[PDB]
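Below are two forms of the same protein chain, given as structure tokens: structure 1, then structure 2.
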Structure 1
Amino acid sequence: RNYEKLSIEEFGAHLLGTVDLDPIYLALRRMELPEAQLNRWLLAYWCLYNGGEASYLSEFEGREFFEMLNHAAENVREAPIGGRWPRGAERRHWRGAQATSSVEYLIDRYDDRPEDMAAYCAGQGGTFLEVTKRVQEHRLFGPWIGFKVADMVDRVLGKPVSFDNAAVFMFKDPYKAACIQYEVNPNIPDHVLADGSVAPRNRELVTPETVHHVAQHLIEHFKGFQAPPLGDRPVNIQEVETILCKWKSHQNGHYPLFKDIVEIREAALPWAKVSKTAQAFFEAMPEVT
């Protein structure tokens, strides 16, 4: 179907009002999983980007967790829901030798303590750069997941992660989305450069400093929204990075309204039958309006 394309201000307002921005964060907060399980759930989720599967895997411990993760990485043995071991679209490439070498890296480093990976990435928080560099130590973990982890370390784990001036470090898609926005969104004021000249409204010549000008205007725009999952602070670059990215998909025909909440529940219902944590995941998931 070919739906109405919304402005970023209205599409973002929907993402915030319906908690369709990042529903996994709400569900996770609702589950109140114990620490070691939460860390296993997270490492699984950052590998496969599938909430129900991470729930199933979060119930295995120690070397039995990595053994079950290597089975999902090899995707030869069937899955407890039947079929192959599913991947989230953002992790579609976590397969073959890339997935298995990834698991050998983690097994070599964490041995019988898989809970330590998220604990090490989380630390006691820190700056976005410090957190993302810790994430990016692990094989098959790059710039997208580093940013995602840093978001979750703050939104889910409650550690203090400073994202100040991260806009220039956003992953290619939210960054390209900021470039398009400077060109096409008239509500974004002109970016007056230090020489007094205006930055050209051309997505192909948008510099890091204009992306920062873009993100800073959007943050101010949404400042009347408290950030989900708990509404503890106003929106910052972490939510704006997500609004930027999903808006580009929305405009491209690849993000109809509620896409994430609908997609999460559909792929998670099978797992709700093989794992009590998966059943708690599906029931903690928010719903469409």
Structure 2
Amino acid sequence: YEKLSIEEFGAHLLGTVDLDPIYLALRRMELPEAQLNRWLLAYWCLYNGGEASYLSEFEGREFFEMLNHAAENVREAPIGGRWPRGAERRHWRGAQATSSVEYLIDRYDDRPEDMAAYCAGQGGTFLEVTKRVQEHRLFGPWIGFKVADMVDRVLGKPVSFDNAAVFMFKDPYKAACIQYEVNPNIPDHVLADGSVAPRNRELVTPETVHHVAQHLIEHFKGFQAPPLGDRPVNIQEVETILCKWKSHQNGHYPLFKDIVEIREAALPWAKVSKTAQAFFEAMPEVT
């Protein structure tokens, strides 16, 4: 496929809501609060939205029993075969996953819905929200970041991200370094010595990475952020644009990749769950 500039690639992610289609799907579903919180907990464990939908309809201790079936992954999933994991939570397996569920049972007993409620709180700083996520067993900084984004984009509670919270992560850091090297629309960055940062991803320092981020934010702020266009795009969406663009220019993100692969993974679940059928209908589509 043709490799696009980050400007054109970002504009496509934003206009099709391929940027983070799950967030629009969930907003469309308008799930009741407790079920939404159970959906989110399941999704934060397994990172599969159709699977999360199926699990979200179980309540109380029964929710935690079914989640425990997925953790152990010995019994057959309702779609046949094993209980899948999105690559982001591939490591939620074996004794680590069952210990993760046990932590949750001991903390929340018959109220699994309180987990997302506690994480979300009233929003807050990125530091405060990820700390509350990361209290939980097998919830590390990467899922912490994702939950913070979803507390804002899905649950509507603002979480203040800044450039340091994003570029402490290796992948958006490396994407920003490539962008300085290869994007002629980004001006030369003048460092603290009047020296100019050279166009070489391996020599880019944090200072230039923030220069790249500020440029891209300024570029994309004329777009309203998905799922529903409630505020101008900020570093939360630019982070996703940067990481998906890095995959794109590496040959690993054709247009619509997220939408297509979610719908592919979610369709088997629609047969076995009314919520999963609603989730499949709510997903944005190709073109």
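Residue positions are counted from 1 along structure 1's sequence. For the two forms, the rigid core is made up of the largest set of C-alpha atoms that agree within 1.5 Å on superposition.
Peer 1: If you fit the rigid core and then compare C-alpha positions between structure 1 and structure 2, only one of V206, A73, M152, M117 moves by 2 Å or more. Name it.
Peer 2: The one that shifts is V206.
Peer 1: When the rigid core is used for the superposition, does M170 move between structure 1 and structure 2 (threshold: C-alpha shift of 2 Å or more)?
Peer 2: Where the cores coincide, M170 still shows a C-alpha shift between structure 1 and structure 2 that is 2 Å or more.
Peer 1: Rigid core superposed, CA of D190 - does it shift 2 Å or more between structure 1 and structure 2?
Peer 2: Yes, its C-alpha moves 2 Å or more.
Peer 1: How many Å does the Cα of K259 travel between structure 1 and structure 2 when the structures are matched on their rigid core?
Peer 2: On core superposition, this C-alpha lies 0.4 Å from its counterpart.
Peer 1: Once both forms share the same rigid core frame, by what distance in Å has the CA of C179 shifted between structure 1 and structure 2?
Peer 2: That residue's C-alpha sits 2.1 Å away in the other form.
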